[PDB]
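Bear in mind these aren't lab numbers, they're just calculated from the coordinates by the rules spelled out. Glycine gets a Cβ as well: all are built from the backbone with ideal geometry, and neighbour counts include every protein chain shown.
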Amino acid sequence: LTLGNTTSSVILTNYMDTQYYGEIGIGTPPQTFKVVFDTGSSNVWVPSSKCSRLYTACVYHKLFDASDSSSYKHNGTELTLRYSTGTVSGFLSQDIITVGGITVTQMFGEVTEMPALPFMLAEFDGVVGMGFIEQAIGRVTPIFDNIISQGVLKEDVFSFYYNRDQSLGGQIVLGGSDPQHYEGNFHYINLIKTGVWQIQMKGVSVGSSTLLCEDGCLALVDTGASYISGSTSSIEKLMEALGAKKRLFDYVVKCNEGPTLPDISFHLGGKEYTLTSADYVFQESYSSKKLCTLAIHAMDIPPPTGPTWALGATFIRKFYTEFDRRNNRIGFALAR
Ligand SMILES: CCOC[C@@H](CC(C)C)NC(=O)[C@@H]1CNC[C@H](C(=O)N(c2ccc(C(C)C)cn2)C2CC2)[C@@H]1O
Ligand SMILES: *[C@@H]1O[C@H](CO)[C@@H](O)[C@H](O)[C@H]1NC(C)=O
């Protein structure tokens, strides 16, 4: 590992508190794409001009045209990326990617199959996986590993700031942290193992009692996830305690009850990470005649990573997060 004296920041747009995306340039001249930076995955992909227009998501998104890039290098190996929310399929290509001023030669997926559900709901075009090579489909070197290889970054770390919505939507710092977006000190939690941004969780409290994860559990710290998620079983118990009602894809409370809900605490490392109802309820009205969604849902993550909780944007909004590759740990500080 070679270290430089450079930090690079990526400005993010906050779409409805669920999607936080930045811009990347691909090829020569650059073709620009809106992308989510996801610590829960390790591949880079954007939709391809080779995507049949029968996929309406390809009609509505920006497409990479290899035929317009003089720096493109063919590969063609088939790739399928199976996310918990949906799947994309396509093939590998190589080109120059610009992210926050840094330019890097990167192998990425050109997606030719992009299902209308959920991708018609994506404000972003593609994803930049911020995970480790161990989780990369096709053993493709992830972009942060390629950026580290350049020996320009001051530190082998990257940090996320997600705003709560003229205001900055969010910010990723490659090579450091931005003290303008946090306060107090970082408290670090070591990874269970290298290869996954996952830490041990010692308990989940709903009110003053630890009713969940009593004997310990896992927490994936997932920047690409919109919500906090737990297994169906853990979430059924959490929601029972909140008095929330299960719907198809989410949980709801009567809008008037939203401000009465208890605090939820996540026991990580030596500290309690507390969210008040204002942090996890999408409070759209105070009406006793309307239902308000919660920013916590059930998601059964399969083994070897799962069963696990995932601390997505709901969590990161309250806690500025540093992902430390040099020391295999995650730091949290109160977001400012
Ligand atoms: C196979 C490569 O994936 C690895 C896998 C491992 C996990 C389960 C531990 N990784 C994952 O499953 C991802 C982990 N991080 C959140 C991601 C996400 O939710 N996405 C998402 C967000 C919004 C929408 C909208 C269109 C509403 C669609 N997708 C984006 C990455 C696509 C995926 O769940
Ligand atoms: C695609 O990249 C892999 C990885 O190095 C390589 O082994 C393979 O030969 C490439 N395929 C083509 C056709 O370029």
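In this structure, the amide hydrogen of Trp309, modeled 1.01 Å from its nitrogen in the peptide plane, lies closer than 5 angstrom to those of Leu218, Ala219, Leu220, counting only residues at least 5 positions away or on a different chain. Here's the picture: a label point sits 7 Å out from the Cα of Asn5 along the beta-carbon direction, and within the range 168-194 the residues with their amide nitrogen under 18 Å of it are 175-177. Scalar couplings 3J(HN,Hα) for the range 260-277, obtained by applying the Karplus form with A = 6.51, B = -1.76, C = 1.60 to θ = phi - 60°, are 8, 4, x, 6, 10, 10, 10, 8, 10, x, x, 9, 9, 9, 9, 10, 8, 3 Hz; x denotes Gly and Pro. For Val196, no residue has an amide H sitting under 5 Å from its own, ignoring neighbours fewer than 5 places away on the same chain, with H placed 1.01 Å from N.
Excluding same-chain neighbours fewer than eight residues apart, the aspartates and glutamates reachable from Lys202 by a Cα-Cα span under 15 Å are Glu214, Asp215, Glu272. Legend: distances between Cα atoms for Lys34/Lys254; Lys34/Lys237; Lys62/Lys193; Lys237/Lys318; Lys237/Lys271; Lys245/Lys289; pairs beyond 25 Å are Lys34/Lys254; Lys34/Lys237; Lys62/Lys193.
Here, the chain yields an orientationally averaged convex hull projection of 17.2 nm² when only Cα atoms define the hull. The phi torsions of the range 8-21, fed into the Karplus equation with coefficients 6.51, -1.76 and 1.60 and a -60° offset, translate into couplings of 9, 10, 10, 7, 10, 9, 9, 9, 6, 6, 10, 10, 10, 10 Hz, rounded to whole numbers, with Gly and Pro shown as x. Taking other Cβ atoms within 10 Å as a rough exposure proxy, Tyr20, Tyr251 sort from fewest to most as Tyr251, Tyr20. Listed by chain and number, the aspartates and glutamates whose alpha-carbon sits under 19 Å from that of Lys154, ignoring those within fewer than 8 places in the same chain, are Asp145, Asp178, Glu322, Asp324.
Rounding to the nearest 20 debye, state how big the charge dipole of the chain is about its Cα centre with +1 on each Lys and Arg Cβ and -1 on each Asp and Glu Cβ. Could the numbers behind the result be given before it?
Details: 25 positive and 32 negative charges, 54 e Å.
With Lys and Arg at +1 and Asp and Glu at -1, about 260 debye.
Here the residues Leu294, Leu311, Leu117, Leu275, ranked from fewest to most Cβ neighbours within 10 Å of their Cβ, fall in the order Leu117, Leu275, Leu294, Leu311.
Rounded to the nearest whole Hz, the Karplus-based 3J(HN,Hα) values (6.51 cos²θ - 1.76 cosθ + 1.60, θ = phi - 60°) of the range 303-308 follow the sequence x, x, 5, x, x, 8, with x at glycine and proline.
Whole-percent P(r), the range 215-317, all Cα pairs, 5 Å bins from 0: 3, 13, 22, 26, 20, 10, 4, 2, 0.
From the alpha carbon centroid of the range 213-286 to that of the range 43-117 is 34 Å.
Under 15 Å from the Cβ of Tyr162, count the other residues' Cβ atoms, weight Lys and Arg +1, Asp and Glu -1, and hand me the total. Around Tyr162, the surrounding residues sum to -4.
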